Each structure stands twice: as structure tokens, then as C-alpha cells.
Amino acid sequence: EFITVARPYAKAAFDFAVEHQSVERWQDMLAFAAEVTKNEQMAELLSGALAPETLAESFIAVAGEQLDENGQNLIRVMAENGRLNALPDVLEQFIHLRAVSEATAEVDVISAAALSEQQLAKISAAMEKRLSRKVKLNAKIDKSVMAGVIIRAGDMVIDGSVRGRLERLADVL
Amino acid sequence: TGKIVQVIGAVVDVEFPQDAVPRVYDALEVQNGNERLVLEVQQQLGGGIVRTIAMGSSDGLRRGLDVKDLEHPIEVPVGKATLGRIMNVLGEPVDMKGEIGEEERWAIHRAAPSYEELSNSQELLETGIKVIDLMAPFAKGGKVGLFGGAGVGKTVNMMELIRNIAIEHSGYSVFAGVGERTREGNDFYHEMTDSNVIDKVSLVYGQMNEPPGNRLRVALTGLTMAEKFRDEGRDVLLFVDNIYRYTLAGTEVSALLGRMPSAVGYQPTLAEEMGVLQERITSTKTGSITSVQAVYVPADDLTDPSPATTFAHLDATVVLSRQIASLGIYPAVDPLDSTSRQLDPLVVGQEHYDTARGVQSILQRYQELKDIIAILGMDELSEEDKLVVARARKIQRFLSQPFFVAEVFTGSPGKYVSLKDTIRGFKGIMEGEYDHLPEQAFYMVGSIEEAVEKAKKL
Amino acid sequence: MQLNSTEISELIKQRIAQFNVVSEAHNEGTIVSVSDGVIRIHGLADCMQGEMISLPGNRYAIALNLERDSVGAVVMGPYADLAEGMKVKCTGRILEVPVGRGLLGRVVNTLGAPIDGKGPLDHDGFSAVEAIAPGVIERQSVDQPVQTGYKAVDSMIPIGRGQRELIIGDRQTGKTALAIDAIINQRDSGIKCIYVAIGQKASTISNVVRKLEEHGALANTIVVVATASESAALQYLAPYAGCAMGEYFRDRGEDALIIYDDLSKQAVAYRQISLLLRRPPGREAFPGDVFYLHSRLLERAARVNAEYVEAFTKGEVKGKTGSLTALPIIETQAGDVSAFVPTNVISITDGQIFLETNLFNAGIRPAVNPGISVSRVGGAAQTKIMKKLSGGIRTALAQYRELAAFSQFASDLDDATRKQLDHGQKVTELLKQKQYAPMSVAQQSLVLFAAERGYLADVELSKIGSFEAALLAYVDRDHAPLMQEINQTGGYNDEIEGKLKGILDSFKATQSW
Amino acid sequence: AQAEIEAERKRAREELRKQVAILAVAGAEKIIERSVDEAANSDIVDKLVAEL
Amino acid sequence: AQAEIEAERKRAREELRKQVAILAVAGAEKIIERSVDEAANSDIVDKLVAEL
Amino acid sequence: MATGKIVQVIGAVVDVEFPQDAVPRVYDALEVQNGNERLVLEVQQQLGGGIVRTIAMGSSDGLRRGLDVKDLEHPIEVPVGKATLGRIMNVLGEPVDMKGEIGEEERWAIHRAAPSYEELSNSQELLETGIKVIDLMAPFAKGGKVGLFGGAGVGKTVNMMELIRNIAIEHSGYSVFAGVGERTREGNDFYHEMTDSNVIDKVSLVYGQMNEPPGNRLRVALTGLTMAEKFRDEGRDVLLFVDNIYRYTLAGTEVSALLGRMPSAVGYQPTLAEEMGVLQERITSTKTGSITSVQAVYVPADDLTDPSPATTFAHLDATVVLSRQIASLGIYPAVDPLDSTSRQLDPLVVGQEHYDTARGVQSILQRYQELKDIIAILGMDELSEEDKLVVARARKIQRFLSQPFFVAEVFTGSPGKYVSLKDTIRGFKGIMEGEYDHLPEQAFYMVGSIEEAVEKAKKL
Amino acid sequence: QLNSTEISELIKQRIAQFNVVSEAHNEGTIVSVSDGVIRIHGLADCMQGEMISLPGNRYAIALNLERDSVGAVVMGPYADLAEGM
Amino acid sequence: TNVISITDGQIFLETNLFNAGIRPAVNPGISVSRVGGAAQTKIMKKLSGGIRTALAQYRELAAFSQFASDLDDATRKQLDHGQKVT
């Protein structure tokens, strides 16, 4: 896994994209650079022990959608460190850093049913008091939670489901 | 529905869709060419991977094969059908006879019986072996263990215990062969079948030739059969051919599973790997298991981690030694290291306990003199120490015995010695009333009366 | 009685009634690995070290590694059922164990669940498993005896209330027997006893419990069990669960005695847990902080002065000093005391009882080796009669140990030394003792006085034991009030010395052995 | 022996109340299963958000 | 005594069949914070007696 | 404000991430709130990009990731000066005796450079201890170091208590007692002994107790040392007692293993002989004042050769070896007269009178060892006249080296005695010359001064 | 998985323009300090066994020349060096 | 030992004997054949008997019977035959 080795490149790319106010461009540049990594053949070449810069060049050749200085330089450094397979996670950490910096967060509503749209209003409003961020809901439905609702935000959840009441009681008995 | 992605020696990594990954100890399957191979999963790594051990020859596996996920652990035939038949680690029949007609199959991974359910019995078991039931008597329902280096007698002794207690015991019996010679298992099978007792014994064999997965998991199959018989309310004899091979097969695989090594190379989980097995072979209120286990000690080092952690799991421990066997004194039991939980006045009665402790005291006093005897010779001893030495050197021989299963080696016919008849002999020698008889009069004889006879003929 | 199903159903109704259905926010994570009892949890930004994480089913794990992007946690129970992708909750809780007076006479696993099958506990609330011992300013110097009932120990190696005495020796030399006689002997002394077993096979725990039940002791003691089949986390945490059950008594002015059987198996379980978490190994592959593992366990054995009790019990108990006594046990391979765990615990504790396998074979039982056993508390913990009488046994055995080399040339020796070289053997033959036969202080004092004042100078070696038995029988009927006085006060006077000389004089002439 | 008898009584009372608890919560679930209601359910939602 | 408490036990098993339904309904009501005079008692009894 | 955040916690080792303009220096002390309780971390390494690896000076449980760590910009620094006398403190210079604030005037960092070779001054002023065998056989001078060697139970700790009592009552010298890895029982015994003997107001106590993380048990020696250095810089002559060097080195081994360093000779850290030197080099008699030291050093399993006691010998000036065999015969202080040694024991410094009396005692005893094994085989009567006389004087010398202590006064009840060096030499020389041949042996046991022998002989 | 002394702002510099050799390679910056040993980043033309001159008029001996950094030992008190110097 | 544990016996050739011109230096007492006489021709089995324990005894008897001897005619013929055999 690559979470721990993506963190430095993610932080550096984000700092740079902030100093040049080009966050929104970097995000898709990185998405493309990630999906090139997933190609059947490229993934083979990425595992073959090519020397660094020949691998870097074979990689850059496949990208015209990278801004010709900074994206190339990121790719070249990652090649120097043989970490090109970490791009899929450099992307996720870049996105998360963007969220944290723009003070905008996302919270999940899991429910027995769709909600009445003033419930959603109250939910999001009160979430922006649990959390300081601008909150983007994306509700979903399930019936294992036969009733009530679950509010999962980051990794903090508030269990309002009735299922989570039944079982929470049973273990008392 | 899963793909292989690595093959290191005996361990194979398999990749499943994130949502379908198998549970620990589930059994997978692969078609190794014109073959079928069973994998037992050992760990769940992240990302839908799972890491497994191959119950068969790992050779011939490509990366990218397709493996099928059986959704249940290994399960073996169990009950009366199993009886008088030889079985694989997977519970396949391995003699040439037909299918096992079993009604029921049990998973070989199980929990130990609750502390609430154990039972404790003092009822002594007599064995026709002077030293074993003088120094280390053991009880119906207990555990026994034979420790010894290579080639000192821990297999022949187990065959004599089989002969003595197992033919004279009504209930069923289970023999697990773990990582020892196939020749010996064949000799055993044919001796049984040619004395018509095979139909009371069940056999399981994962002998030296098989790959590490078989030698790893075979002892649990043997245990599962014994555990069925126990829970029927019967009482059972369980003989394990060499339990050290189970931990050794664990060590072989440990590194490939990615675990840092420990004290002398052993796996980190040594004591747990051994407890989780030794703890379900016990008697209980519903039935009882009497078990004899041979425990190899490597390089004759009684302090290696593997013997050292096993000593704690046995009731009666018999310790063979090469320095005694090199004197031709079989059985080579060392009486200053053998011991039993049952050697209490409240259990064996005062006279037997007192005789055993007197014999130990003499043999220890004889050890304390061997350095001065070695340096200065026997003449510098006090006149009473010469008598201690002269009696110890007789006690050592009289602990010898000829065995019915050792006629092959020595011609001399075997003997069976009753306990009452041996505590008398040792009480005699200690009290100095046979103190006019040559040493070689006691060597390889039955009761003290065969010695007094052998003296007449030189 | 039980036909009162109304009790059952109304009690279920009480559990229903008090179920406060309000919701609480909790922190969550997901399992991403399962192996050999360790799980890796990805998430739980707010886990704390030592926290109890709660898995599906009523199971828990102790979070031990807060790595940058994972949490390594050890499952406390059968782990084979867990699976990648399961969800896990971080309670705020630390591990707590039932405790109190009702546990006496119960068997419990390391989570305080009853394992003997005599129905639920009746505890006095809960206590944290991991606590910090009383400080320097809260102790009180140990000056009371805890009697083992072994001539060999209570004379030459006293144990005081609040001391920590290490029993160490090779396999099968009486390490367990000595501790369990120490426990049996408290069946009437006011000291509560705790026997915590690490990594033993269950059919042995059951056996020692059956023996504590034969004698009267079981009703006085708690048993904590972590059988060899239980996961490493339970075997490793059991001693803390026992200490936390002894501290309930210590912190309330009572006395307790706790017996960690095989700290040398707690150390092994902790090594396994460390190597599976990939922590850098030290010597013999033991992790670095295996000193700090035992140090902060044993330093909970303490005597606390009355003011700390009054502060803790909020004024309810006054003028009494609590005390927790520990007797850890260690096992040494081939008598070797220079290994990692022996050499640590020898450094932590206040004394050592070295049990020798040679002495155990030669017939000397208990096999305590007097020449290398020590007790830094020493005479300060004895009754002053014993303190008086045992000083001469020390010197008798020391001179015997200096002379012993000549025993193999003895016939050549000079009677001026032959006297000493035989008195040594007679006092050594005197300290042999049978199992499950503890002696009151009166009997040990009498029997040591007999040998100190030369009465045995003429009894023949092989008869010393029958001499001792006859003497102990005689005195029990024909001089009982003196035994009552000594046992009740332990004092010593020229008056008492005269009475003892009289008893010996009458015995040595008017009876026989 | 009397102690053992009393212990068996305790043990049996407990292993009985376990059965009744199991069936009780399973039945309460089967009850919610058909008392569940869009209006009451939305009321659950309202109360939990109001408490949030 | 042990074969006597066995009579007590099955008398209690007979009795508890009635209490269990009351327990189920009480639990369901406290869970959902509302009363429900459920209609389809059929489902209640079908469990009330099957596994008991 | 707090400018760093925890990112790992593995046992007692904590990692903290700072912005790269604010990385703490090595040995800087950090602070974090472990809930309702304050906790300080000591930086051991700067690694990586602003991350720092630290040892917690406290219990590690309860730490989350992401807590805010505020960095002090100075090492651990402790109170010093007169304000500390009679108080007990932990490694961090906080009182653990409940008597309240320390009232310090001044605080010093516990990390500092040893004096230059230029600043030292060789002065041979012998210490006078009041203990016959140590003053006679193993003299040691101001600025020097003494190692008490022995197994367990032989008397290192009570010997150090008696030395404290004598120096503080007779000579009024300030002492600092640093318990490195202290058994809390023995620490409370020591506290109550010193308060009963009324010396406590001239001693400052520092305890790193055994139940504390390795980082505490390791640094405590430096805290006691810093207090001693403050008193030296006041121009006094102080005396520093370190309760065990063995446990100082074990704490070093633990800290090394925790930081993941590759081990070395028998498991010890790689830096063993540098830690020992960093410690033992600050204890010296600079021209301004003096620090003397006596140090207990447990020898595991009687080997005298494992790296911990083997590495310290290079720094000691005198070594007193205590034997359990001697102690078992009951002659405390249980010093072995033949094995103990000192570099200061040569005529030029001790004077010929002293040197010759000491060598005479050694000669007598070394001959009595020869004669014991003749007496065993042949009995006493076959010896010469002077052989029986050498035996009598040897036994009387061997008895006279025992002494009763004011601090052992609690084990035996007998009151203690202080014996001046003049009287020790006069006594042993009188015994060897044959002046006191007319007294029975037991007149000399536990007698104290030599006149008390001629007095005790009457009543026997 | 281990990082190899490539970290946030160094990677940012390389983002600026990959070949940073525009900087004169007679010089470097400390990136780690521990147990008397330091890792130096830069110093392209360091030669094995060389003397490196620290601030405060002290010296370090370059012993490890690696693919990305120079490991050196300090010839004196090291406790007051700091990452970034 | 690993291999002594896998085979069906061993022939232990001892260097002391080999230096004394006794060749092949088969040390009886350690060497054994775990299949025993089952492998021998009937004539060989008859003739040999337990001979190897006879030479093991003779060789340990020589351990005490060099500086002194006792029962000194029957031990004398035991030694004589053992010597002519070897």
C-alpha cells in the first residue's frame, strides 16, 4: 500500500498548486496521470526494472495533457524514487488536502428511505455546527437500518438507526 | 473466482474480489494440472489478498491460475466408519479399500473443552515396564510423554506401551503418525492386521515424505477423530507418533508467512501453536482420553525451546538419554529426570513412593561421586561409599528389561513385570539383601527371582 | 424456589426499563488485516494507546500501535472469526475488571468472567487494570511476618507483609508447591490470597483448585486463569488483572497475597505480541521494554501507611495499613540465571528463593538453596523468637558449606572439625519437610531450639525426622498452653527459654522416637 | 453438597433468563417490523436530528 | 436435589411462554418511543410457542 | 502557543511533527496535555522533514494522535541550590514529598560539558569515613570515586546510608543522593532513616523509581549530578551517592532498543562506553571545589566481566568488594579485606605508618588462609608456637574489622560507633604487635574502637 | 515502505524546476541529526573521507556517500546542530 | 542427528579404533540396524546371535579391566574371546 509514501508528494504538489492558484488544474492533471498508471501494458513496464529516467521518459511520452514543466517534474522525481505506482493515492491525498484547505467537507446520510428535504436542510445546517465546514450531503438508502438514520462524517458517526438501538439493547440483556 | 499472485515454497497468495474474500482457515481449491490441490488460508492481508498453505506438492503452480473457494474449513470423516482404516490429512482413504462410509464430518479446528467440564482421576494404569511405573506411574486419562534424542528408544517404547495397555483395553484407539518414517507405519499396519486388532484402531498418517502443510495439519485430524470418540462417552487411547514434527513444520512455514523469527529461529507463536493443540487432548466428564506422545528433542538439548515448552503440558514425563542407551541398558529411561504427577503417597501408597524416592536418592548420590571416581579411581572412596556405588550399579541394571517388541534385536524373550513384583525387588536391592550377587546378574531380567537364578549360571 | 419466574421476567423488565435509548457519537474504523491474533485498523483518528476497541460480537482489542496511518490491535479472544472490511468502534474506555470481596472462592478468567460455572459474580464494582503504584511518601516499612509454614523458609528467608520474593528454579523442583503451601497456610491468618496462573494447562489449574478445596483454603482465595490455549493478550494481561484484585484489599486496610505463576510465560506472550507487531527485538528476541513490563507490575506490591488508607477510603477506615505481597515465579533453563527475564526479575524483587534440582533429587525437600537465597527485608520481618533462634542456623549452615568440600575425604579429618561437619548434616536433615504439612510458628521455633541447643548432637541422622515428629506430638498434648502463648505472641524471654529447656529435658528422657 | 446444589440453581436461573432475553429481543424486532411507519419513522428522524 | 430442580426447570419453561410476549412488546415500545397495540398477533404467538 | 502535532505513539516512543522553521533541537523538552495531566517529552533525534522522535518522561497511555505539542526551548532543567536540601524530587525537579513548592532561586539544564583537562586539580586529601575496613584498606581522596562491588544482599545500600550519616554528622558536608532505578520500599526506608538520624536537612534526594519509563530512570543520574555541580560551583565540597550504576546501564539498554538502534556486545546499546563517560567525567574536583562519589555496582551472577561492570572499572579509583560468604558469618560490613583495593594506597600519599599497617593486616590474613586447611586435616595442636600465634592474631584482626553502624542500629539494637583513622591504625598495629594477645577473641567483635575491646574483655 | 529523505519542500523545489544544479554544488543542508551522526543533502562534489565544515567552526567527516545524501560523523559536540543548517 | 533420525540404523566408524589398526573401525554399541536380523541369511543369523552386544560388553569391560580386574578367570576368558574376535 502507498498511503504513507504518497503523503509527501501530495503535500508538495498541493503547496505548489496553492502558490500558483492552479489547484483546479493540478487535480485533473493528477487524475490523468493516475489513469495512465492503470493501463494493462504500462503497469507491466512500471514493474520492469528500467533505469529511472528512461522509465520517466516512456511515461511522459504517454502524456500530452500534463503541463510541460511542473507535471513533468513531479513525474520525474517520482521516477527517481521508483514510486510511480503511488499516483492513485497521491491523487486521493491531494483531494483531501484541498477539502481541508477550502474548509469544505462531505457527510453521508444512510437511511431507511429518502428524506423530506427539510430534514436534509436541518441535517446539513446542524452538521455545519458539529463541523465548521461547508457540508455536502450525499444520502443513500438501506433497510438493514429499518428505521432512523445514520450520519457518517469523516470517521465520526452518530448512530440514530433503530437497528443500532435493538442490538445495543440486546447486549445489555 | 480468485487468482494466484505468488508462490513461495509451500505458501501461496490468492486474490479475491474485495467482497468475497474467504475467512481464516477456510479451504480453497486449485487444479494443479491434471490434479486437485487444497489450500488452507492462514492470513488475510489487505486488499482482497489472502495468504495460504498448500496441502500438497506446490510444484507446477503458475501465477494466474484460478482457485475455487470452498466455503468451509477442512472436514474429515468421523465415527465408526473411520475405524480400522488409514486416512490422509484431508480425510481421504489412503489404503486401497473403498470410500469411507461415514455419516458425519467435523471441522478440524475446534475449541478446547471448558474448564467447567474437565475431570480428574487418580486411577493408576499398570504397564509391564519396571522403570516407567516405578519412577513415573501414570493414570487412566492422563498425558504421557517420551522425550529423547534420535535413536534412543522413544518409538520402541511406544510400541511396548501399545502392546501392554492397548490390547488389554476394551475401547477404541487412535494412532496419529506425524512426520515419521513410512516404513514404521507400514510395519505397524501389518502387525495390527495380522493380529486382528486393526478393527479397533484408526490410523492417520502424514509421514516424513509429505510437504509441510500435511505434516502441519495431520495431528489435528487425529485429534478430531479421538474427540469424536470421546464425546460419544467412550474412553480412548490416543498415540501421537512424534509431536515435535508439528512445531517443526510450523517453523518451516513461519518465515514465508512473513513473521519475524524468535529465540533460536523458531516461530514467534511457538507456545500458542502448541497450547492450542495440547489443550484439546484431555479427558472430560463425558469421556476420557489417555494419550502417549513421543517428543523428539533436537541435538539432545533438553533446553531447546521446543522440548522446554512441552514439559509443561504433560502429566508423566519419561526422559530417555543417549548416555544410558550406549551402555546397552534399554529402556534407556533416565530415572533422575523422569517424573510423574501421580507419584504421591496419597495416590500410590507409602511403600511405592518411599521405594521410588530411595532409588532416586541412591542414583543421585552415585552421580555426585562420578567425578572423584573419574579422577582418583574407585579406591579413594570411603568404605560406605563403595557400597553406595555397588548398589547403584545394580539398580541401574535392574531398571533394564527385555521387551516383547525387541526380540527382533536381541533374541531374548520379552518379560512382563507386575508392579507389586518390582517394588519388592527394588526394596530388596536397596536394603542390601541381594548384596552378594554380581552386577551382570541383574542385566536384562524380569523379576528379582530371574536375577537370583541368572547368578547361578554366571 | 426458581419457580418464581416472576423474578426472571421482571428483571428482564428492569434491564429493558433502564435502557436509555439516546444516541452517542463514536469514532469508527475498518479492519484491513487479520493474522495470528493481530488486526490492523485503518481509521480511528481518535484512538488512544491502551484503549479498548470494540469488534463485532462482544469482543475487544487493545490498541497498542498508533502508527501514522494504521492502528495495530491485539484481539482478546478467538480472532479467527474476524474478517477484512468489518467495522470497528473506538470506545472511550480503558480495560476494567470486576473486583471486590465476593470474588473470594471463585475462579475467573482475566476479564473477570466466572469460569467455574457457579453463576455470576457478586463484585463491588470495577477497577482499572493498569494503575500506578503508591509513591515513595505513601509506603510504610514492612515489619510483619507472612508465615509460609516451612521450617526452611520462615527461618532463613523471612517474607514480610508488603515484600516481593522471587521463587526461581528449574522445571519440576517445587516452585508451585511452595507457593501453594504459602497460600494454604493463610487459611486462618486474615490474609487474603490470589493465585493467578499464566499459560498453564487447564487440567492442572483444576487440580490445584481441588487441593485448595481439600484443605480449607479455597474459600479464602481468588483464582485467575489464562490457560495455554487463550490468546496472547489475555495471558499477558492476566497479572495486571490479578494485581488489580489485590489492590482492592490493599487500598482498604486489609492484607493480601498474590502469586504470579510463571512470569516467564507472561514474558513469552508479550514477546509474541511484540514480534507480530514488528517491534524491534532485543536480546533472545525479547522486546526492549520487558523490564518495564515486570517493573510496573511488581512495584504494585506495597504496604501503604494508615494515612493513605484514610485518604483513599475517605475516612471510613482509620489506623490500619494495607499491604499486598507478591511471590512471582520464574523458570530457568539448566539452572542458568544469566538469561534475559531471570536477570531482570532478580533485579526487581526484594529477595530470592533458589530451588535446586540436585537438592531435590538427593531428598532435600523443599529444595531451597540457603547459600544463595536472600531476603533483603531479613530479620526485620520475623517474630522475635524466630529472629533470635535462626541466627544460629545461618552460621551452622555457613560453616557446613565451607567445610563440605572435605566430606569426600572425611575419614581423614580431625574431630575438632568433624563436630561441625556433622552438626551441619543434622540441621540440614532437619529442614526437610513433607508437602501440605505446614507448621505453626510455635512448632518451628521449638524444633529449631532443639537443634540450636545441641539436643540433637547425639540423635542419629536417619532418625531426626521421627525425633521431630515425636517431639511435635508430645508437646501438642502435654504442654499446649506454651504453644498457645508462643503462637499468639511470638515473644521470647529467659522464662520462655527455661520452659523450652524443660520440655526438651523431659522429652529426651521420658519418651522415645 | 448444599453449596453445589445452590450453585446449580443459580446456573439454571441464568441460563433460563438468557433464552427469554434472546426470544424477547427477536420478538421486539418482529414487532417493529410491522409497526414501522413513514410518519413515525420520519418522527424518529426529526427527533434524532433535533438532538444532534 | 438435581433431579428435583429439573422439574422446577420445565415448570418454569412452561410458565415463561406468557411473560416473553409482554417483554417483546415492552421492548419494542421503549425502542420506538411509542405504543403499538399490534394487530397481527399471529406473528407474536407463532414465536411465543414455536421455539419455546 | 503549541506548534506541533503527535503522529506516532509506539510504547514509550512518540513522534511529533513540527513546521520546518520550528524543529526542536536535540534534548529539547516538549510538553503535551495527556488529558487532565501534563506530560513532557525529551527529543532524542531529529529525523526526516520536521519530524522528531522523543521519549516520554511519564506514562504513555492515553495519548491520541494529533494532540498539540508545545515545545519548550530549553532542555529539562531542574531547581538547584540550598532550596533543595531535605526535599525529594523526581527527574523533572518536581517535589514528590508533598511539602509543596521547592522555592528554587535558579534552574540549570541537566546537559552540560565536562570540565576541561585544564581545570582539574590533583589534590590527595584523603576522606575520613569512620568505617574501619574502608578507611584502612581502601582509602580514597576528594574528587575520587569508589565502587562498592557485590552480589545481592551484601550491604551496598546500608553501607551508603552509613557513609551518608558519618559525613553529614561529623563533617557537615552536603550530599546528593541519586537513586537510579530505586526500589520504592528502600527509598522510603532511606527517607525515614535520614529523617530519624536528623541528617536529612543536609541531603537532597532524587528518585527515579523502578516503575517509571526508561527515560526517567536514565536521566535521573544527571539531575543528581547537576545539583552536585551547583554545590561545587558554590565552592563547597559535596559528595554524590549513586544507588546503582547497573540500573543506569540497563536504562540505557532499554532506551537504545526502543529507539531501534542496532545492539552490540551482550545486548547493551552501542553507545554504552560513551554514556558511562558522559556521566563519570562530570564528577571531578575542579579548582573551585570538589565532587566526591561512591557508587554501588551490582555484579550479575558474580562474573565481573559482562560489559556493564567491566566498563566502569576504568573510571573508579578505589573498589570495595563485599562478599555474601563473609556476611553470612555475621561480620558486617562484610568487606573482603583481601580483594578490595585502591590506587591511593601507596606510601607516598597515606604515609608509611598506614601503608605498613595495611600490608601487615593483608599478610596476616593471607597466611591464615594457608593455615585453615592444615588445621582442618591435622587439628590445631600440630602448628608451631608462632603459627598458633599467627592464627590467634589473624582471628582477632578478622573480628576487629567488624563494626556497628548507627543505621544498622535498627536491625541489631546495638548503638553505632564512629572510629577515627588514628584509632584504626593504632588498633590494628597494637593487635599485630601482640599487645592485646591477652584478650579473648569475642572481645573484638562489633567492638568499635580499640579501647572498647579492652573494656569489653572485662565483662566476658 | 520507507521514505528516503525526500520530503515536502525538497520535492516542491524539484517541482519548481527539476535539475536544481543551477545551485553551486559546493554546499549542502543538514536533514537529520542523531547519536552524533548527520545526514547532509546536497554536496554533490563531496569526496569520501573529506572534512565538512559545520557552523560554529567544527568539522564532520563524510563517510557514506549515497545516492541522495552524505552521511557524516561530527568531530565534537553535536547536540546543538539542527536540521536546516 | 537430523539424519540419524531418518535412516534405519547407522554404522558408526570411530577414529580411536581406526588409529589402532582396527579396520573397519565399526564401533559396536552405537551402531545398530533397526530392521535387525530380518535381513540376514538364516545361516548368518544363526551364527551371529547377539554377538554385537557381546563385543559391546567386552569393550566396556576393558574400560575397568586394564589397571585391575576381578572375577579373574571368567572375565579372563570373556576378554580372551573378545580380543581374538576383534
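Letters A, B, C, D, E, F, G and H mark the chains as written, and numbering starts fresh at 1 in each.
By definition in this document, a contact is a pair of C-beta atoms (placed from the backbone, for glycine too) under 8 Å apart; a residue touches a chain by one contact, two chains touch by 3 or more.
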Partner chains shared by subunit B and subunit E (touch criterion as defined above): C
C-F compared against C-D, more contacting pairs: C-F
Identify the chain whose mean C-alpha position lies nearest to the mean of all protein C-alpha atoms shown. C
In whole angstrom, what separates the CA-based centres of subunit A and subunit D? 41
Could you grab the centroid distance between subunit A and subunit C? Build each centroid from C-alpha atoms only and quote it in angstrom. 55
Quick one: report the Å distance separating subunit D from subunit H, using the average Cα coordinate of each chain. 81
With chain centres taken as the means of their Cα atoms, state the distance from subunit A to subunit G in Å. 35
Where subunit B touches two or more other chains at once, the residues are 46-47
Sequence positions of subunit G contacting 2 or more other chains: 3, 7-9
Each of the following residues of subunit D touches two or more other chains, namely 9, 12, 16, 20-21, 24-25, 28-29, 32, 36, 40, 44, 48
Spell out the residues on subunit B that touch subunit H in their complex, using ranges where they run on. 149-151, 181, 183, 208, 296, 298-300, 326-328, 377, 408-412, 438, 458
Seen from subunit A, its contact residues with subunit D in the complex are 111-113, 115-116, 119, 122-123, 126-127, 130, 146-149, 151, 158, 160, 162, 166, 169-170, 173
So in the complex, which bits of subunit E are touching subunit C? 5, 8-9, 11-12, 15-16, 19-20, 22-23, 26-27, 30-31, 33
What part of subunit C is in contact with subunit A in the complex they form? 12, 15-16, 19, 21, 23-29, 43-45, 58, 68-69
Under the touch definition given earlier, write down the residues of subunit D that touch subunit C in their complex. 7, 9-14, 16-17, 20-21, 24, 48, 51
